[PDB]
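*Asks:* Just passing along the structure, written as structure tokens.
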Amino acid sequence: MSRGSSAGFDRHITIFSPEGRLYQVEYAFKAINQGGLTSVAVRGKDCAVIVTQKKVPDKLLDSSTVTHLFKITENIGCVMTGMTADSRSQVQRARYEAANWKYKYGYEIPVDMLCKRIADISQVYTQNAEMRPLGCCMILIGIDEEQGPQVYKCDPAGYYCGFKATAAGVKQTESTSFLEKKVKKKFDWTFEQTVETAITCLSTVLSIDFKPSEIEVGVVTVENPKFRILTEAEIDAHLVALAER
Amino acid sequence: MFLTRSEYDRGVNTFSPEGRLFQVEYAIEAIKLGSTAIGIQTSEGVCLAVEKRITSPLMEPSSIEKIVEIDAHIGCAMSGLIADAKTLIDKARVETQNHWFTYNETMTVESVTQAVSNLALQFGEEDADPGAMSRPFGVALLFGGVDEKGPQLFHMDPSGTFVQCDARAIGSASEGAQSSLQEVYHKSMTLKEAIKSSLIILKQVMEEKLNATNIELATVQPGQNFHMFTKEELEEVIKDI
Amino acid sequence: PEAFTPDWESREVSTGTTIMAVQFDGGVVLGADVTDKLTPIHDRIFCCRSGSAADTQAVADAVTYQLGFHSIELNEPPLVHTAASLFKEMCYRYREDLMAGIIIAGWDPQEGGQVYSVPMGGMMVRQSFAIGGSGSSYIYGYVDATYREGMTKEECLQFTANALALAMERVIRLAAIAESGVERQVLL
Amino acid sequence: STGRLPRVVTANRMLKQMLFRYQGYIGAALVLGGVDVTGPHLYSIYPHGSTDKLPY
Amino acid sequence: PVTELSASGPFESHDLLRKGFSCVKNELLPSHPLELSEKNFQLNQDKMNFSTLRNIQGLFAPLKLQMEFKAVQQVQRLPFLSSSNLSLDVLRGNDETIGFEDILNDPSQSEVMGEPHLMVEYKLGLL
Amino acid sequence: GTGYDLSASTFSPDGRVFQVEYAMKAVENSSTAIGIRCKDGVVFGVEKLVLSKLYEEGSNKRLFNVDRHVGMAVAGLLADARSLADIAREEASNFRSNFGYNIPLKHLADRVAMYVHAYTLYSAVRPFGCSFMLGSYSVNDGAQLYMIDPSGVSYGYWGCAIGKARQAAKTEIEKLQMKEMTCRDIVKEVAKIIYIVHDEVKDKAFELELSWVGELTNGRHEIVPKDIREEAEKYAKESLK
Amino acid sequence: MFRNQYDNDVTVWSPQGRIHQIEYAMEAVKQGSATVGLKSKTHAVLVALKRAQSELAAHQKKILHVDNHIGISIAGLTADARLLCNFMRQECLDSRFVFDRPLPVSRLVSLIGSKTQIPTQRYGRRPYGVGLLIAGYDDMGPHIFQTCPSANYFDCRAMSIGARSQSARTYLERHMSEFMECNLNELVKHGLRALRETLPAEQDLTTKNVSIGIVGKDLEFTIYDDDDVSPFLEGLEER
Amino acid sequence: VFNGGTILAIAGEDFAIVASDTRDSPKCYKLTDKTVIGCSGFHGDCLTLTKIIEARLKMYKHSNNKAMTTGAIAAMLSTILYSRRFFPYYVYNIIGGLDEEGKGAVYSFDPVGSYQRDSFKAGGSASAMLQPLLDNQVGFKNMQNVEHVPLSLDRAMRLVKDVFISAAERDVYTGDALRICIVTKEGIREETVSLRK
Amino acid sequence: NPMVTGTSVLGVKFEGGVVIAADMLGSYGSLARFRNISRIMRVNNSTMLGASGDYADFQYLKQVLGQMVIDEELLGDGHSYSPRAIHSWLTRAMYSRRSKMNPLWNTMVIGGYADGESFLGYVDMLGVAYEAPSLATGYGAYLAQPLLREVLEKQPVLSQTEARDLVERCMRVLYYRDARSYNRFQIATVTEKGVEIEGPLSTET
Amino acid sequence: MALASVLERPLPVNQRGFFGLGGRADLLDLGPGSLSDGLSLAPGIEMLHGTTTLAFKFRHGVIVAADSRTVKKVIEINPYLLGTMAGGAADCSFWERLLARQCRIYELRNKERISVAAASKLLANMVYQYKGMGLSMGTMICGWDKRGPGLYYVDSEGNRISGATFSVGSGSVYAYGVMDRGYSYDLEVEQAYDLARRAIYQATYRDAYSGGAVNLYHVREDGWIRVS
């Protein structure tokens with residue numbers, strides 16, 4: 001471990017392969033699936049919703065400490081997918097960078113600027129031989145000022161992009177197809193319709209009827225811009241309202 | 001099962017599965033490529049005899065001296081890598097002068113040896129104090145001096161570690177010369193007989209013959225300073241056979 | 001043996017904004033005297049600034065930065081003690097390089113209204129009331145005379161208005177910080 | 001980078017922190033003013049790094 | 001009156017032709033109040049940021065920032081040629097701000113530069 | 001994952017950092033520690049193995065006091081565990097110095113876990129081969145129990161077991177209705193569980209190391225007093241047969 | 001055989017969860033010569049066996065003086081022992097300077113533990129190949145501590161480290177029930193008999209190969225060597 | 001400035017004396033079994049200086065395997081004092097003790113480290129007034145004796161007591177249990193005797 | 001900076017401990033607004049501390065010194081800072097900070113009881129330290145100093161009640177001299193029992 | 001720990017005792033009586049001072065002479081090199097002890113003795129580094145090397161003058177006068193003149209403080225001697 005670079009086309013981060021591919025970055029992308037959890041983020045007319053699986057495979061484990069939805073700033077929340085410690089460390093970095101932005105520029109960081117900053121750091125990790133990517137994906141949500149709801153997805157390669165709906169985790173492709181089909185039809189989902197869309201995507205690509213304790217939901221709204229994590233009663237209300245229909 | 005290659009010696013900082021660091025023992029083997037230096041500590045003084053091994057008749061012998069002076073009461077005998085030896089010699093010299101400046105007295109033989117050892121044991125660990133050495137010094141020294149505790153002889157090897165001695169041989173024939181010093185030495189022998197034994201053993205272990213040009217003798221006595229024997233003094237001592 | 005001490009407040013004042021802050025039951029009423037002199041550090045934690053404007057605003061910006069960051073880390077509304085601690089750190093480290101005296105007043109769930117006072121030289125002492133800046137002459141005696149130790153929001157507003165008004169008689173913009181939020185009020 | 005037209009508070013922060021960095025040795029006293037999505041904002045920055053948000 | 005003459009041991013050696021004109025007599029009171037504030041500004045800003053990270057988040061945060069800074073500053077250009085500090089600026093946050101260090105007295109055109117080997121082996125701590 | 005497992009900065013072709021996995025197996029190398037959170041406190045207990053009869057009782061402790069209110073039970077390399085105890089003590093003291101009150105246990109767990117993670121990131125340092133549990137009690141917070149593992153993942157637990165026999169001990173903890181027990185009955189059950197999962201033949205001659213923090217100590221971490229530990233050991237022995 | 005990739009560096013975890021350079025450093029400790037430490041209710045003595053190539057050399061300096069109340073006996077690499085002794089001496093000086101009181105032995109040993117733990121995690125370093133037997137005396141009585149290349153330290157009633165020290169430890173385990181009420185003379189004799197147990201049946205303890213260091217309630221740390229050990233060796237019954 | 005300090009050091013043939021009048025400045029602290037120092041200056045500098053000297057004595061003993069002689073302590077103290085030459089210690093030092101011959105030795109220092117060996121030396125405010133009288137009193141002649149006063153130890157003790165009595169026509173004259181440190185071949189001997197007031 | 005005197009802090013040894021007084025007052029200059037503040041710290045069971053001077057530095061040293069006490073509490077190895085250890089640490093700290101400018105303007109009276117031997121020490125911001133059977137720092141230092149020294153010369157051995165009454169008389173004389181309301185004074189005592197501090201006792205003429 | 005060590009700052013945050021913009025910072029500044037003694041490289045207003053000195057070169061050497069006696073007026077740098085005192089006593093003694101340290105290191109390295117030009121130049125450099133900081137030196141370096149007798153006046157103000165007659169002090173004006181000399185004076189005649197010149201200082205004084213005989217000197221080829 002001490003020092004040096006491992007020889008091989010897929011064994012160091014700063015080695016290209018004959019086809020110009022950085023394979024350690026792609027292996028980090030596979031590290032996102034380490035955990036077996038899928039996240040869905042859906043942008044609506046006036047709200048953004050992040051929904052993630054909450055697997056607690058231990059009777060002895062205090063379930064209120066298991067969470068993947070984090071609060072970056074007062075008005076930005078994220079769902080982290082991937083390796084758990086890497087997720088928590090990237091949340092810590094995003095928190096610091098957002099505080100610095102507010103310090104320097106006098107106003108609170110936007111969502112796109114936060115994912116851009118995190119992706120700049122991630123690019124620096126991919127280019128240098130001492131560091132490694134983080135095996136995690138960040139999906140950020142917020143209400144901007146004059147654009148509206150925002151869902152952004154940073155990734156281990158340093159790439160980021162805004163979306164109308166996005167997924168990360170094991171069922172990222174299945175969820176992306178589901179949300180593409182939903183968004184082609186109509187997109188101005190009010191607030192309930194976005195929550196139903198996110199929950200239905202998660203519960204369809206996993207073919208699982210959810211319980212309020214197998215799912216986490218964090219939301220922002222234009223009228224309530226602050227990141228909020230729904231209680232189990234609220235998620236259960238949404239699930240029963242989806243089941244009755 | 002199978003025999004496989006295991007290598008624990010190609011880098012410093014690596015213990016073998018035996019508790020043993022091989023790059024330091026390879027530096028001791030580096031000593032065994034030097035010329036033989038014999039140091040005998042008696043109660044009348046300490047003698048230092050070294051084999052010079054002049055390579056060409058065109059070379060100034062005064063420039064290949066294996067016995068140097070650290071201070072008026074200490075002299076060193078060298079064997080091994082010369083470039084490293086002179087670094088340790090200069091450390092000893094500057095340390096003695098620092099001690100004189102600060103405390104207005106002569107540094108004892110053991111204290112000089114300890115300062116040189118503090119310098120010599122600081123290898124490996126290169127990215128901690130740049131300008132450090134990064135490998136063991138490939139030189140063994142023989143500090144022979146006279147101080148408050150009478151004549152004293154010390155030995156330092158590619159470890160930065162010193163032990164006091166009474167008769168040492170270092171160099172390429174240190175095993176045979178040490179086996180000879182084993183019997184020829186007795187704890188109360190005169191300095192003339194110490195020089196005698198040193199030169200007899202040097203004659204035994206040299207591939208050439210004793211002339212006053214291919215060896216080098218120095219002595220440090222309680223009253224007299226460090227003294228390097230001259231061409232005529234050496235001639236007389238060897239014609240004593 | 002005489003333990004001579006720097007005064008820290010007779011260095012360079014020559015002036016004063018005559019800041020003040022009084023603790024009532026479940027809140028504080030800062031009060032001060034077209035510009036504004038009540039810097040909101042957090043949603044229910046304000047401060048009043050004495051000294052040089054530049055240095056005090058630098059310290060207030062740094063505390064706002066650090067308090068927001070710490071509040072996000074620990075996932076709780078910040079304590080007023082925490083804001084006062086951050087202010088004390090910078091107002092005591094940079095004691096010789098800044099002209100900055102601070103009164104921190106606010107509200108937090110587990111302690112209520114709090115008037116931690118950080119004078120020049122850097123010093124937290126929680127107080128039932130705190131006054132500052134050219135006002136240790138007229139205001140201090142009258143407030144020591146009358147404080148009632150337990151006022152309500154309205155009586156505290158009237159009391160602070162009276163004190164700052166007699167500082168005038170030597171606008172009055174006030175802010176009451178309860179659990180329900182800040183109710184800023186401008187007088188003249 | 002942001003793709004948004006700036007904010008007056010951003011300019012005020014940059015000015016006040018730069019003027020605070022140079023400890024009043026840059027003699028720029030300014031009357032900053034602009035208009036963002038937030039509304040009209042008028043500031044007055046002083047050479048030592050102290051601002052003041054004002055109506056006039 | 002600075003005291004500190006290591007003078008216990010003022011045995012240090014200097015290169016006379018390379019020391020230029022040094023005046024320790026006046027190297028105790030900066031020439032301007034802003035001289036050191038500007039010389040050590042990125043240093044002091046890093047120390048301020050590491051201090052707030054330490055106090056709010058923990059030992060890990062300054063350690064990781066310092067470790068990233070150390071890593072990027074090490075795949076660089078040999079000191080006698082100007083570097084861009086592209087990755088270091090992205091890490092520190094200077095990729096989108098221009099200060100006065102960036103426009104005044106440009107490092108890329110130094111007006112004076114030493115010998116290659118002397119400048120490399122000074123960075124290596126060899127003098 | 002051979003070929004991709006010599007550095008903590010290398011990903012396996014399936015997104016696995018294997019040095020961190022080997023560090024967690026390193027935790028599995030050592031004897032077991034369990035921690036049970038009850039209705040009014042937390043109780044730690046370590047199957048401490050007697051290396052020799054020559055060691056003064058209390059040496060090689062694995063139940064540290066990290067702060068006045070926090071106690072730490074470790075497994076894995078003991079040198080790593082002591083270094084992490086030092087780090088946790090530094091974090092708690094720094095928080096108290098800055099902010100003037102006792103550090104919340106969740107925040108302490110985050111700080112130390114993020115340190116451990118920071119070691120799982122570089123080629124210059126190796127992951128910690130040690131796992132540990134933190135446990136506190138405050139009147140305004142209740143009992144709290146956290147476990148950090150070498151990857152930097154800290155969760156909150158109702159009962160945890162780290163070490164060689166974590167799986168058997170976890171099976172034995174699940175039978176306890178710890179959410180409605182006091183610290184005394186939990187101490188007896190902790191001793192029982194330590195005695196059950198001890199492997200009497202492979203390992204030999206262990207000694208219990210019990211500790212609590214609760215309201216019976218007024219939110220102060222302590223060693224279980226000698227008499228209560230004797231009662232717990234007697235209960236544990238009599239239950240084994 | 002499957003071990004070669006994972007034992008060349010102290011920064012590599014073997015897929016069995018083992019650092020192997022640490023264990024090799026522990027072997028480096030076993031390559032010294034036996035030294036014994038034991039304590040009574042009032043004294044803490046350190047007994048060491050010296051090698052001098054059996055003739056023509058002053059023996060190794062195996063017991064070192066750290067402070068007036070702390071002394072150490074070394075087994076393993078000498079350079080590491082000197083580095084650690086310099087560290088211990090500097091820390092004792094710092095304690096006397098700042099706090100005016102003798103540094104507690106347990107605190108010193110904890111500092112050694114941290115100092116020697118750092119090389120076992122970092123790149124470009126190797127563990128310390130020396131093991132120490134630290135004998136101290138402070139407010140809490142006599143102390144015997146054993147420090148290891150792994151950066152572990154142990155509070156001992158008695159301990160032997162070095163080459164063929166298992167025999168000394170067997171003796172000390174057999175006889176430790178009477179160490180506490182022993183006076184200085186027979187405590188040093190107990191240590192001497194253990195050190196003798198680390199020898200062939202023919203060889204015997206002499207003044208030339210035995211070094212002793214006592215600290216105690218009244219004593220400061222003193223080292224007895226080459227002729228000062230005679231009072232202690234005269235009364236030692238044959239094997 | 002900063003009165004109350006009067007150090008009288010006298011080196012005999014086989015003894016040294018360092019006598020001080022306590023007033024708050026207590027001193028004449030012992031360095032080795034052959035050396036006594038006497039600091040007459042600002043108290044804080046004296047404390048720090050004696051702590052530094054103790055630390056350096058311990059470091060010397062560890063490096064050199066012997067306790068450091070009187071002349072070596074003097075030379076080291078001279079370099080320690082000159083270390084702060086542009087910000088000096090405000091101390092006036094006198095080192096008294098035995099040399100390696102066994103004879104007496106007394107060294108006196110500036111605040112910046114200038115030292116010379118003396119046969120006797122009075123140091124402080126009262127030193128100027130006491131010096132001529134004890135000088136022409138101790139010598140009894142003009143013969144040099146550049147390193148040893150001819151008197152015996154009891155006679156030198158009597159001279160020290162008599163000269164401090166004669167100080168009663170001088171400055172503060174503490175009368176505060178006159179501190180007296182005696183260095184002989186049998187070790188240091190602090191013998192604080194009270195000047196009767 | 002203009003200099004003002006520190007608030008008075010007294011202390012006398014006796015047979016079985018040390019008693020310390022320190023009247024509550026923020027300052028005599030412009031910080032007299034800040035009242036009802038205690039200048040006495042309890043370091044540990046055998047040590048206490050009365051400080052006169054800048055309250056910012058007293059607060060800083062309370063932080064540092066209490067954290068050192070907690071640090072030893074955690075190890076539980078049987079060693080605690082003695083009163084002399086704390087006194088020497090404070091002397092080193094104040095000399096170090098005096099030299100490396102970064103001032104620490106606080107004058108302290110360290111009292112303690114360890115091993116059946118009472119300790120009373122003095123440290124000021126310059127690094128001056130010593131030990132006396134009675135001390136007085138602050139406003140009426142040179143007015144209370146002769147009083148205490150003469151009383152101790154008359155009777156070198158005191159008891160709790162005698163020592164406390166003597167300290168009462170000193171503080172009263174410092175009250176009759178100057179009209180500052182010494183309603184605000186604390187008395188502290190370290191004994192074999194420990195450091196026991198009673199709060200703001202009030203003089204009623 | 002290993003990470004902070006790989007970083008090699010050391011900076012007061014990656015350590016222990018940090019609780020703000022600094023705090024105790026591993027000992028609130030408190031440290032040790034040094035980490036390194038000497039034998040290695042590593043407010044008192046009452047410093048001491050000097051009075052009257054000569055020195056001339058020769059045909060047979062260089063001759064120092066000082067105003068009698070006690071106090072010291074000529075520093076004995078080493079057997080082959082001399083130096084006088086003026087200004088601060090500590091300054092002259094310390095800086096020429098450092099010069100003798102340099103001279104001995106040179107002799108050990110190069111196996112020949114340092115020249116007077118080199119020695120005076122080393123001293124001039126050492127005291128020129130701290131020019132304007134209050135050093136007060138008035139030394140006068142004299143010796144004998146492969147170039148013959150050498151005589152230099154080295155000053156704390158950067159001066160380093162070579163010359164065959166120098167004089168420092170109060171009676172300097174009367175002592176430089178009375179210096180009616182010749183480069184080929186006999187040795188006895190040279191001792192005569194230096195005696196007479198320090199005398200023509202003190203023909204207005206007599207034996208006493210900085211008074212006595214002439215503390216004469218003589219730098220021969222094989223090292224100096226003390227004539228009387």
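Order determines the names: the first chain of the structure tokens is A, the second B, and so forth; residues in each chain are numbered 1 upward, and ligands are numbered 1 upward as they are shown.
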Residues near stretch 179-195 of chain A, anyone? I mean within 10 Å using only C-alpha atoms, not counting same-chain ones fewer than 2 positions away, as a PDB file with N, CA and C atoms, in the first residue's frame.

*Replies:*
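See selection-v5.pdb below for the written result:
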```
ATOM      1  N   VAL A  40     -34.711   7.189  -5.592  1.00  0.00           N
ATOM      2  CA  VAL A  40     -35.462   7.873  -6.636  1.00  0.00           C
ATOM      3  C   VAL A  40     -35.649   9.320  -6.220  1.00  0.00           C
ATOM      4  N   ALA A  41     -35.377  10.235  -7.139  1.00  0.00           N
ATOM      5  CA  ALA A  41     -35.645  11.648  -6.943  1.00  0.00           C
ATOM      6  C   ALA A  41     -36.510  12.128  -8.089  1.00  0.00           C
ATOM      7  N   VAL A  42     -37.579  12.848  -7.778  1.00  0.00           N
ATOM      8  CA  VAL A  42     -38.551  13.278  -8.769  1.00  0.00           C
ATOM      9  C   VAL A  42     -38.819  14.758  -8.571  1.00  0.00           C
ATOM     10  N   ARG A  43     -38.796  15.515  -9.658  1.00  0.00           N
ATOM     11  CA  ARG A  43     -39.046  16.949  -9.624  1.00  0.00           C
ATOM     12  C   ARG A  43     -40.452  17.220 -10.125  1.00  0.00           C
ATOM     13  N   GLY A  44     -41.203  18.023  -9.383  1.00  0.00           N
ATOM     14  CA  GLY A  44     -42.558  18.357  -9.742  1.00  0.00           C
ATOM     15  C   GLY A  44     -42.735  19.817 -10.095  1.00  0.00           C
ATOM     16  N   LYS A  45     -43.999  20.218 -10.179  1.00  0.00           N
ATOM     17  CA  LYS A  45     -44.319  21.599 -10.520  1.00  0.00           C
ATOM     18  C   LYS A  45     -43.782  22.565  -9.478  1.00  0.00           C
ATOM     19  N   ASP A  46     -43.880  22.202  -8.202  1.00  0.00           N
ATOM     20  CA  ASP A  46     -43.463  23.091  -7.129  1.00  0.00           C
ATOM     21  C   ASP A  46     -42.818  22.351  -5.963  1.00  0.00           C
ATOM     22  N   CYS A  47     -42.269  21.161  -6.191  1.00  0.00           N
ATOM     23  CA  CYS A  47     -41.674  20.362  -5.134  1.00  0.00           C
ATOM     24  C   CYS A  47     -40.643  19.429  -5.736  1.00  0.00           C
ATOM     25  N   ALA A  48     -39.747  18.943  -4.894  1.00  0.00           N
ATOM     26  CA  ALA A  48     -38.806  17.897  -5.259  1.00  0.00           C
ATOM     27  C   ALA A  48     -38.812  16.854  -4.158  1.00  0.00           C
ATOM     28  N   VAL A  49     -38.814  15.583  -4.543  1.00  0.00           N
ATOM     29  CA  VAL A  49     -38.959  14.472  -3.608  1.00  0.00           C
ATOM     30  C   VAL A  49     -37.818  13.489  -3.820  1.00  0.00           C
ATOM     31  N   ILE A  50     -37.153  13.101  -2.737  1.00  0.00           N
ATOM     32  CA  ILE A  50     -36.170  12.021  -2.747  1.00  0.00           C
ATOM     33  C   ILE A  50     -36.710  10.868  -1.920  1.00  0.00           C
ATOM     34  N   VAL A  51     -36.681   9.672  -2.496  1.00  0.00           N
ATOM     35  CA  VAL A  51     -37.220   8.467  -1.882  1.00  0.00           C
ATOM     36  C   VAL A  51     -36.164   7.376  -1.964  1.00  0.00           C
ATOM     37  N   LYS A 164     -35.069  15.985 -14.354  1.00  0.00           N
ATOM     38  CA  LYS A 164     -36.453  16.092 -13.923  1.00  0.00           C
ATOM     39  C   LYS A 164     -36.842  14.956 -13.005  1.00  0.00           C
ATOM     40  N   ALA A 165     -36.071  13.882 -13.030  1.00  0.00           N
ATOM     41  CA  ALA A 165     -36.241  12.693 -12.222  1.00  0.00           C
ATOM     42  C   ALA A 165     -34.991  11.868 -12.433  1.00  0.00           C
ATOM     43  N   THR A 166     -34.517  11.214 -11.386  1.00  0.00           N
ATOM     44  CA  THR A 166     -33.310  10.425 -11.536  1.00  0.00           C
ATOM     45  C   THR A 166     -33.301   9.321 -10.507  1.00  0.00           C
ATOM     46  N   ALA A 167     -32.430   8.350 -10.736  1.00  0.00           N
ATOM     47  CA  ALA A 167     -32.313   7.193  -9.878  1.00  0.00           C
ATOM     48  C   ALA A 167     -30.847   6.861  -9.698  1.00  0.00           C
ATOM     49  N   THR A 173     -31.306   1.603 -13.838  1.00  0.00           N
ATOM     50  CA  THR A 173     -31.772   1.541 -15.220  1.00  0.00           C
ATOM     51  C   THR A 173     -33.273   1.298 -15.296  1.00  0.00           C
ATOM     52  N   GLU A 174     -33.781   0.382 -14.478  1.00  0.00           N
ATOM     53  CA  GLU A 174     -35.209   0.100 -14.470  1.00  0.00           C
ATOM     54  C   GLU A 174     -36.008   1.318 -14.029  1.00  0.00           C
ATOM     55  N   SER A 175     -35.536   2.002 -12.992  1.00  0.00           N
ATOM     56  CA  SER A 175     -36.189   3.221 -12.545  1.00  0.00           C
ATOM     57  C   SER A 175     -36.098   4.320 -13.588  1.00  0.00           C
ATOM     58  N   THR A 176     -34.967   4.440 -14.275  1.00  0.00           N
ATOM     59  CA  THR A 176     -34.848   5.479 -15.287  1.00  0.00           C
ATOM     60  C   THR A 176     -35.829   5.244 -16.423  1.00  0.00           C
ATOM     61  N   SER A 177     -35.987   3.990 -16.848  1.00  0.00           N
ATOM     62  CA  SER A 177     -36.990   3.682 -17.863  1.00  0.00           C
ATOM     63  C   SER A 177     -38.398   3.990 -17.367  1.00  0.00           C
ATOM     64  N   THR A 197     -45.386   9.218  -7.635  1.00  0.00           N
ATOM     65  CA  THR A 197     -44.509   8.795  -8.716  1.00  0.00           C
ATOM     66  C   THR A 197     -43.224   8.192  -8.179  1.00  0.00           C
ATOM     67  N   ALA A 198     -42.604   8.849  -7.202  1.00  0.00           N
ATOM     68  CA  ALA A 198     -41.353   8.337  -6.656  1.00  0.00           C
ATOM     69  C   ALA A 198     -41.569   7.004  -5.951  1.00  0.00           C
ATOM     70  N   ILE A 199     -42.627   6.915  -5.145  1.00  0.00           N
ATOM     71  CA  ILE A 199     -42.906   5.677  -4.432  1.00  0.00           C
ATOM     72  C   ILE A 199     -43.276   4.563  -5.403  1.00  0.00           C
ATOM     73  N   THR A 200     -44.040   4.875  -6.448  1.00  0.00           N
ATOM     74  CA  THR A 200     -44.427   3.859  -7.414  1.00  0.00           C
ATOM     75  C   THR A 200     -43.237   3.379  -8.222  1.00  0.00           C
ATOM     76  N   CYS A 201     -42.326   4.275  -8.583  1.00  0.00           N
ATOM     77  CA  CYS A 201     -41.116   3.833  -9.259  1.00  0.00           C
ATOM     78  C   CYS A 201     -40.345   2.863  -8.383  1.00  0.00           C
ATOM     79  N   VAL A 217     -38.536   9.276   2.833  1.00  0.00           N
ATOM     80  CA  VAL A 217     -38.970  10.306   1.892  1.00  0.00           C
ATOM     81  C   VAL A 217     -38.584  11.670   2.442  1.00  0.00           C
ATOM     82  N   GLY A 218     -37.794  12.417   1.690  1.00  0.00           N
ATOM     83  CA  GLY A 218     -37.469  13.794   2.029  1.00  0.00           C
ATOM     84  C   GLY A 218     -37.944  14.711   0.921  1.00  0.00           C
ATOM     85  N   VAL A 219     -38.515  15.848   1.302  1.00  0.00           N
ATOM     86  CA  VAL A 219     -39.179  16.724   0.347  1.00  0.00           C
ATOM     87  C   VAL A 219     -38.789  18.173   0.586  1.00  0.00           C
ATOM     88  N   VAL A 220     -38.819  18.954  -0.486  1.00  0.00           N
ATOM     89  CA  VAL A 220     -38.818  20.407  -0.434  1.00  0.00           C
ATOM     90  C   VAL A 220     -40.040  20.854  -1.214  1.00  0.00           C
ATOM     91  N   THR A 221     -40.529  22.047  -0.911  1.00  0.00           N
ATOM     92  CA  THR A 221     -41.704  22.589  -1.573  1.00  0.00           C
ATOM     93  C   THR A 221     -41.457  24.067  -1.811  1.00  0.00           C
ATOM     94  N   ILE A 235     -45.627   9.007   5.550  1.00  0.00           N
ATOM     95  CA  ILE A 235     -45.366   8.033   4.500  1.00  0.00           C
ATOM     96  C   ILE A 235     -46.471   6.993   4.458  1.00  0.00           C
ATOM     97  N   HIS A 238     -49.409   8.421   2.660  1.00  0.00           N
ATOM     98  CA  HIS A 238     -49.199   8.380   1.216  1.00  0.00           C
ATOM     99  C   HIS A 238     -49.385   6.974   0.669  1.00  0.00           C
ATOM    100  N   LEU A 239     -48.888   5.971   1.390  1.00  0.00           N
ATOM    101  CA  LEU A 239     -48.976   4.600   0.900  1.00  0.00           C
ATOM    102  C   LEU A 239     -50.413   4.100   0.901  1.00  0.00           C
ATOM    103  N   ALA A 241     -53.060   6.020   0.646  1.00  0.00           N
ATOM    104  CA  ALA A 241     -53.723   6.763  -0.419  1.00  0.00           C
ATOM    105  C   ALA A 241     -53.361   6.226  -1.794  1.00  0.00           C
ATOM    106  N   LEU A 242     -52.156   5.693  -1.950  1.00  0.00           N
ATOM    107  CA  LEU A 242     -51.788   5.073  -3.216  1.00  0.00           C
ATOM    108  C   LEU A 242     -52.458   3.716  -3.371  1.00  0.00           C
TER     109      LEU A 242
END
```

*Asks:* Please return as a PyMOL selection string: the residues of chain J that backbone DSSP assigns to helix (DSSP H, G or I).

*Replies:* chain J and resi 2-7+89-110+116-128+172-176+187-204

*Asks:* Taking 3 positions as the minimum chain separation for residues in the same chain, which residues sit within 12 Å of stretch 196-203 of chain I when counting only C-alpha atoms? Answer as JSON, numbers by chain.

*Replies:* {"I": [17, 18, 19, 20, 21, 22, 23, 24, 25, 35, 36, 37, 38, 39, 40, 41, 42, 43, 44, 45, 46, 47, 48, 49, 50, 112, 168, 169, 171, 172, 173, 175, 176, 180, 181, 182, 183, 184, 185, 186, 187, 188, 189, 190, 191, 192, 193]}
